[PDB]
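Engineer: Residue numbers (the entry's author numbering), protein chains in the order written: chain L, 14 to 159; chain R, 87 to 159; chain H, 5 to 101; chain X, 54 to 101; chain V, 342 to 389; chain E, 390 to 437; chain S, 342 to 437; chain W, 342 to 389.
All C-beta atoms, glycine included, are put in the ideal place defined by N, C-alpha and C.
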Amino acid sequence: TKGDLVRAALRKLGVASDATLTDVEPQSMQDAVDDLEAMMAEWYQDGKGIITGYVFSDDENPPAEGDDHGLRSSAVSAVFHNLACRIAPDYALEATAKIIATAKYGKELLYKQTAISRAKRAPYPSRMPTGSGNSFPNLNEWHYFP
Amino acid sequence: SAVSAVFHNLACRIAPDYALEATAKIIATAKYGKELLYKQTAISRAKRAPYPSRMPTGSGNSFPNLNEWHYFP
Amino acid sequence: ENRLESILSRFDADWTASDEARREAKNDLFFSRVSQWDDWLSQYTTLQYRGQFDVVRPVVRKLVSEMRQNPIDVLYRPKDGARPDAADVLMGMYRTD
Amino acid sequence: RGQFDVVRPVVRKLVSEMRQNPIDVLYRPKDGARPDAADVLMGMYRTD
Amino acid sequence: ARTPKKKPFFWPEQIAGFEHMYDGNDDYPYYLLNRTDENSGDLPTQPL
Amino acid sequence: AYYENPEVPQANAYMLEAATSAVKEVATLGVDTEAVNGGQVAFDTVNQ
Amino acid sequence: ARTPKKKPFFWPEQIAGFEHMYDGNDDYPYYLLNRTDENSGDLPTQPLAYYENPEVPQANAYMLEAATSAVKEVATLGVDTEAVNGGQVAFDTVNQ
Amino acid sequence: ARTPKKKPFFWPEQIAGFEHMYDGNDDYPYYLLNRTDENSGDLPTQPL
Numbered sequence: 014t015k016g017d018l019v020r021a022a023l024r025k026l027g028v029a030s031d032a033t034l035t036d037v038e039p040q041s042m043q044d045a046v047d048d049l050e051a052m053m054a055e056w057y058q059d060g061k062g063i064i065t066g067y068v069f070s071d072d073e074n075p076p077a078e079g080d081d082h083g084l085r086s087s088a089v090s091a092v093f094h095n096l097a098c099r100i101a102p103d104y105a106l107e108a109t110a111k112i113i114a115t116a117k118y119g120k121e122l123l124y125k126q127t128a129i130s131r132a133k134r135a136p137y138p139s140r141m142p143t144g145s146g147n148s149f150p151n152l153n154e155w156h157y158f159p
Numbered sequence: 087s088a089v090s091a092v093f094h095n096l097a098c099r100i101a102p103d104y105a106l107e108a109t110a111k112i113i114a115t116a117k118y119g120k121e122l123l124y125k126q127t128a129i130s131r132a133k134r135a136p137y138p139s140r141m142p143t144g145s146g147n148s149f150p151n152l153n154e155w156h157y158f159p
Numbered sequence: 005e006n007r008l009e010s011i012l013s014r015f016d017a018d019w020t021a022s023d024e025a026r027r028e029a030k031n032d033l034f035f036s037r038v039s040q041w042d043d044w045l046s047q048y049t050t051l052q053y054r055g056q057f058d059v060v061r062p063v064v065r066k067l068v069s070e071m072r073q074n075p076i077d078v079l080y081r082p083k084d085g086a087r088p089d090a091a092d093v094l095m096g097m098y099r100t101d
Numbered sequence: 054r055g056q057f058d059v060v061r062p063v064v065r066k067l068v069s070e071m072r073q074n075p076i077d078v079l080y081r082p083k084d085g086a087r088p089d090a091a092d093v094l095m096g097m098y099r100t101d
Numbered sequence: 342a343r344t345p346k347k348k349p350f351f352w353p354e355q356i357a358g359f360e361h362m363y364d365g366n367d368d369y370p371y372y373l374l375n376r377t378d379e380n381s382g383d384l385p386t387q388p389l
Numbered sequence: 390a391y392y393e394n395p396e397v398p399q400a401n402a403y404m405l406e407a408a409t410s411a412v413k414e415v416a417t418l419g420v421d422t423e424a425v426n427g428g429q430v431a432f433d434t435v436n437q
Numbered sequence: 342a343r344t345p346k347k348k349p350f351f352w353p354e355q356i357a358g359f360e361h362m363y364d365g366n367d368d369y370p371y372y373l374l375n376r377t378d379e380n381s382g383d384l385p386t387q388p389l390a391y392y393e394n395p396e397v398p399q400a401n402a403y404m405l406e407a408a409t410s411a412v413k414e415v416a417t418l419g420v421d422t423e424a425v426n427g428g429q430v431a432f433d434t435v436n437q
Numbered sequence: 342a343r344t345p346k347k348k349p350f351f352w353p354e355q356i357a358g359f360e361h362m363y364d365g366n367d368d369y370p371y372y373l374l375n376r377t378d379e380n381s382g383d384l385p386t387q388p389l
């Protein structure tokens, strides 16, 4: 347990750490949970793209802290680095070199299995005979499947 | 031997917790720590795929046995 | 016969001869496509280009021409020690009809 | 599965060469034997 | 037999959302790559 | 700047070389003449 | 059939509104690219980069030479008389 | 014979999570590599 954090509030305070946390907490942390919805609807848009397993809130009363984040355990290490980069100019600061490095690295490893699964060639598009080295020439000029 | 690799990578993440940040030595050791952890992993996984499903086994052998091996994924 | 009850002897002998009429016969008409009709097999009517080449049709027409120009027909020849006019008997009735 | 079979024109040629070579029953007379024995022995054997 | 074969070098980052255009389909006159990404934009490295 | 056109893949071209070679093997019958026999004897002898 | 073939590379923001210049109607004798973009003006990113045709390994070509030559050896039986009774004397002798 | 056959050079960080692409099978439209790494990473060194 604790490979995936229990709540989005626990994930929020991890970003607050990476921000300043001198016994202060930014006022853009309140919009950090809102930014989870915006980050995942920008990339992972329309339920497709970079798979994260994220589930969206109603966006009325919940700011994604009234409903579940729905993040995978693997998706934790991606999101809170990219989240820290996004809320930094919102608070009128800019993320450091370690945060932007891991943000790109976690975004990539989140998409790695998705890119591999989408890295499979189409089955014989346009045309393809079976030859006479295989019995029964039969149907030919296969559009994909036949 | 992998308990003194990891905490260098973790060091730079928890470095801002009072607005401090890792020194050039720490990120050097951290990047070397990530390199070591996957060092023994990458060699073990490395091994070429079986012969094609169009490939003969030849008749230069006495007994040809199996033929038309996997190449699918 | 093969079997008693003649209708069974025909139909059971047909079963063993089904090897030719199923699989081999299917592949036999595919020769005749590439030769007589169109190069592609199981083609569709398209609005896009469909090619042909066929070095095969000039080769087939050349080979067919050799056996036609040198036809092999009934000629007959006498049996062992038989009379020389023996062949002309059966050829007399052959050439009329 | 491709095909070429450069094997086949060479096989066809070799089959044709052996078939145009005549290996068939003739015989020849043996030591001290009449040469007129050859046609008589082939007389019945060629009929069948 | 056993070696990897000719494929373009890319990253998931520079092929995102256009990796579907690569599969050998003949329904595309052109292929596309990302020009920008979050944080710093997409790097021009490995364009072909 | 100018548009680089498909020159036809070398893969497609190399496959076309093996395509044209596949057909012409079996076309030859061992024939070397303009008439029957001449290494095509196998086809002519089974006819007679 | 499958495997990506030569479809020249472009990027979305340099072919924006110029992906209607491949409609085959030829109301143009040219193509164009986008000069600038919002936020900062930006010239096309690698506009001279295009897909290059599949080469096929030199291993495939070198192995094909060994494939054709392997069959070519045994296709010849030797020649001692042209056509009939060349290398095939060894076949014909045991037949008789 | 005894000297190993030629192979492409790679590095562990850039081939991490994409070793499946370089497994020796060819059915993949493209290759994938790591663009960046954590701890102020770098571009993948010479996959060519």
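Indicate whether at least one CB of chain S lies closer than 8 Å to the CB of E:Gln-399.
Structural biologist: Answer yes: the Cβ-Cβ gap between E:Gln-399 and chain S drops below 8 Å somewhere.
Engineer: For a contact defined as C-beta to C-beta under 9 Å, what are the partners of E:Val-435 on chain H?
Structural biologist: Within chain H, no residue comes near E:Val-435; the closest Cβ sits about 11 Å away, beyond 9 Å.
Engineer: Given that E:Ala-416 touches chain H, what residues does it touch there, using C-beta distances under 8 Å?
Structural biologist: Correct list: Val-59, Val-60, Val-63.
Engineer: Is the CB of S:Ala-342 under 8 Å away from at least one CB in chain L?
Structural biologist: True, the Cβ-Cβ gap to chain L drops below 8 Å.
Engineer: Just the chain W side, please: which residues come within less than 8 Å of R:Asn-153 by C-beta, in chain order?
Structural biologist: None at all; the shortest Cβ gap to chain W is about 18 Å.
Engineer: Mind pulling the chain L residues with CB within less than 7 Å of H:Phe-34?
Structural biologist: Near H:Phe-34 (Cβ distances below 7 Å), the residues of chain L are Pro-150.
Engineer: Hey, how far is the Cα of L:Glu-78 from the Cα of S:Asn-401?
Structural biologist: Between L:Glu-78 and S:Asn-401, the C-alpha separation is close to 59 Å.
Engineer: List the endpoints of the continuous alpha helix (DSSP H) containing R:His-94.
Structural biologist: Unbroken alpha helix (DSSP H) run through R:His-94: 92-97.
Engineer: Do three or more CB pairs link the region 51-60 of chain H to the region 407-424 of chain E at distances below 8 Å?
Structural biologist: The region 51-60 of chain H is in contact with the region 407-424 of chain E.
Engineer: Spatial neighbours of R:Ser-139 within its chain, please: CB distance less than 8 Å, with the 5 preceding and 5 following residues excluded, ordered by chain position.
Structural biologist: Within the same chain, R:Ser-139 has close Cβ partners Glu-154, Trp-155, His-156, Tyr-157, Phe-158.
Engineer: Helix, strand or coil for V:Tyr-372? Go by DSSP, reduced to three states.
Structural biologist: Correct three-state label for V:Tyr-372: strand.
Engineer: With a cut-off of 8 Å on the beta carbons, I'd call V:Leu-384 and W:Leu-384 a contact; round off their distance for me.
Structural biologist: At roughly 7 Å, the Cβ-Cβ gap stays under 8 Å, so V:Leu-384 and W:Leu-384 are in contact.
Engineer: Can you name the residues of chain X whose CB is closer than 9 Å to the CB of S:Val-425?
Structural biologist: Per Cβ cutoff of 9 Å: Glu-70, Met-71, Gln-73, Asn-74.
Engineer: Are the CB atoms of W:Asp-364 and L:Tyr-118 nearer to each other than 8 Å?
Structural biologist: In this structure, L:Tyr-118 does not lie closer than 8 Å to W:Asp-364 by Cβ.
Engineer: So with CB distances below 7 Å, who are the chain V contacts of W:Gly-365?
Structural biologist: Going along chain V in sequence order, the residues near W:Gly-365 (Cβ under 7 Å) are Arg-343, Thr-344, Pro-345.
Engineer: Following the continuous alpha helix (DSSP H) through L:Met-141, name the residue where it begins and the one where it ends.
Structural biologist: Looking at the DSSP string, L:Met-141 is not in any alpha helix (DSSP H), and its letter there is neither H nor E.
Engineer: Once the 5 residues before and after V:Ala-342 are set aside, which same chain residues still bring their CB inside 6 Å of it?
Structural biologist: If we look at V:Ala-342 and ignore the five residues flanking it on each side, it has no Cβ neighbours.
Engineer: So for S:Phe-351, helix, strand or coil by DSSP?
Structural biologist: If DSSP states are grouped into helix, strand and coil, S:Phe-351 belongs with the strands.
Engineer: In angstroms with no decimal places, state the Cα-to-Cα distance between residue 189 of chain L and L:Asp-103.
Structural biologist: Because chain L here runs from 14 to 159, residue 189 of chain L falls outside it and cannot be looked at.
Engineer: When DSSP labels each residue in this structure, what does E:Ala-400 get in the three-state scheme?
Structural biologist: Looking at E:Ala-400 - three-state DSSP - the assignment turns out to be helix.
Engineer: Would you please state the rounded distance, in angstroms, between the beta carbons of X:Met-95 and X:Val-78? I believe it to be under 8 Å.
Structural biologist: Their Cβ separation, rounded to whole angstroms, is 7 Å, which keeps X:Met-95 and X:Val-78 in contact under 8 Å.
Engineer: DSSP state of residue 180 of chain L, grouped into three classes?
Structural biologist: Missing from the structure shown is residue 180 of chain L; chain L here goes from 14 to 159 and no further.
Engineer: On the CB-based measure, 16 or more other CB atoms within 10 Å of its CB, does W:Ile-356 come out buried or exposed?
Structural biologist: Buried is the call here.
Engineer: Give the straight-line distance between the Cα atoms of residue 113 of chain H and H:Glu-5, rounded to the nearest whole angstrom.
Structural biologist: Nothing in the structure corresponds to residue 113 of chain H, since chain H is present only between 5 and 101.
Engineer: Under the rule that 16 or more other beta-carbon atoms within 10 Å means buried, what is L:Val-19, buried or exposed?
Structural biologist: Answer is exposed; the Cβ neighbour count stays below 16.
Engineer: To the nearest angstrom, how far is it from the Cα of V:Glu-360 to the Cα of S:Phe-359?
Structural biologist: Each residue's Cα considered, the two are about 21 Å apart.
Engineer: Buried or exposed for H:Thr-100, please, with buried defined as at least 16 other CB atoms from any protein chain shown within 10 angstroms of its CB.
Structural biologist: By the 10 Å Cβ count, H:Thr-100 comes out exposed.
Engineer: Could you tell me whether the region 368-376 of chain W touches the region 126-133 of chain L, where touching means 3 or more Cβ pairs closer than 8 Å?
Structural biologist: The answer is yes - the region 126-133 of chain L touches the region 368-376 of chain W, with three or more Cβ pairs under 8 Å.
Engineer: State yes or no: is the beta carbon of R:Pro-142 nearer than 8 Å to at least one beta carbon in chain L?
Structural biologist: Taking Cβ atoms only, chain L never reaches closer than 8 Å to R:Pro-142, which makes this a no.
Engineer: Under a three-way DSSP split, which group does S:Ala-342 fall into?
Structural biologist: Coil at S:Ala-342, not helix or strand.
Engineer: Between which two residues does the alpha helix (DSSP H) holding R:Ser-87 run?
Structural biologist: Element bounds for R:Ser-87: n/a, residue is neither H nor E.
Engineer: With 16 other CB atoms within 10 Å as the buried threshold, where does E:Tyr-392 fall?
Structural biologist: It counts as exposed.
Engineer: Check whether the region 418-426 of chain S touches the region 95-111 of chain R, counting contact only when three or more Cβ pairs, one atom from each stretch, lie closer than 8 Å.
Structural biologist: The region 418-426 of chain S is not in contact with the region 95-111 of chain R.
Engineer: Which one of R:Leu-122, R:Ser-145, R:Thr-109, R:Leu-152 has the shortest CA to CA distance from R:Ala-88?
Structural biologist: Closest option to R:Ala-88, Cα to Cα, is R:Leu-122.
Engineer: Please return the same chain residues whose Cβ sits closer than 8 Å to the Cβ of H:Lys-83, not counting the five positions on each side in sequence.
Structural biologist: So the qualifying residues of the chain are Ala-90.
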